[PDB]
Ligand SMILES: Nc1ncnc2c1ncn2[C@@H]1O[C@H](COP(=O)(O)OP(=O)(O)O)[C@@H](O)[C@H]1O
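Only one chain is given next, in structure tokens, and it is the form deposited without ligand ADP.
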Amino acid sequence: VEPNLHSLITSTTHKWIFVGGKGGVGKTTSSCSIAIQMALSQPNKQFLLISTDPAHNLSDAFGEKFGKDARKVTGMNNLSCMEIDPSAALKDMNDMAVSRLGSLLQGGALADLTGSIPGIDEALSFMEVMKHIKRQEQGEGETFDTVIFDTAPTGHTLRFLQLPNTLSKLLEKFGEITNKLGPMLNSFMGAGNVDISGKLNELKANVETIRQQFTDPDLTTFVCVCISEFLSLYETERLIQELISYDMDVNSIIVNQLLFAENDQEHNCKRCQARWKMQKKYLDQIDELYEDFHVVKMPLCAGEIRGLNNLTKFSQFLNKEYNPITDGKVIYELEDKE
């Protein structure tokens, strides 16, 4: 199985590409690199790169100021970027709801049913992000064909996919109580019990809709980012297993910040060669553990990578696997420039 993401980068079928990874892994650079490599290989298509990481460093990475509103990448025609905060977004929707005792009871009603089930917020939040993307398209006039999602490194953004069945059991729980109301009560209350049922069914609907998409391996895949160090690797196995338990396609693993000290012309660093020894021990381990994955081994370029010019230079190695012998010059130019 090819040690690069070339199939993904040439894929016509995908609309959703999630990129996630915990704790210091070059998740964002890897997000960018992917977005770009697809934008190049498919100029006949429009790509949205969106990010919910509160670090909000799409702007630093590209060297260009992005925000809630899509904005074309300077130097490209088919790559746009937004940074959004889903909690903030949802906050704003709920504060609007408020302004528009009756409400207290219904608010109470909802909470009782809902404030207790895990993932409701996460889903509401994701919904609002979908809707916000749509408003960007309808304003611009174009649409996006693929979004590449740079996911927040902490939390369970996609656990709301188990929600639909839960929402079902409790639609009934609630249905078997509202039945026991009589005429007098069903008169003062009925209308708002009808609303409580409404919202709940809508949420289930929406989520089920999302599910059908997310669960189509042709339509949506997840790329894990990690480094070669027990804790990240372990966190990364965890991530896969979770994702699998959501019937979501997880097929690629980018491994970042490899030192490849052996193939080095500095050789100056015993500390670096020491680190490299560990990195390679685990690297062997990955090899015999995810045998049916595209496991892509990326080089450490010291300091940071910024500018579409640099990002692109670096991004090529998701497509054609970096050979430290031959390809060294590229990394050591990038490094020396920073």
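A residue's number is simply how far along the shown sequence it sits, counting from 1.
This protein has a second form, the form deposited with ligand ADP bound, left out of what is shown; the following refers to that one.
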| query | finding |
| --- | --- |
| Ligand-site obstruction classification: ligand ADP, superposed in the bound PDB entry, backbone or C-beta within 2.4 Å | blocked |
| Of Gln46, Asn310, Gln37, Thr28, the one that lies within 4.5 Å of ligand ADP in the bound PDB entry (heavy atoms) | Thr28 |
| Segment assignment from 256-264, 241-249, 160-168, 75-83: heavy atom within 4.5 Å of ligand ADP in the bound PDB entry | 256-264 |
| Exercise: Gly24 in contact with ligand ADP in the bound PDB entry, heavy atom 4.5 Å | yes |
| Heavy atom of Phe314 within 4.5 Å of ligand ADP in the bound PDB entry | yes |
| Partner proximity in the bound PDB entry: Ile305 to ligand ADP, non-hydrogen atom cutoff 4.5 Å | yes |
| Ligand ADP contact in the bound PDB entry: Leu300, any heavy atom under 4.5 Å | yes |
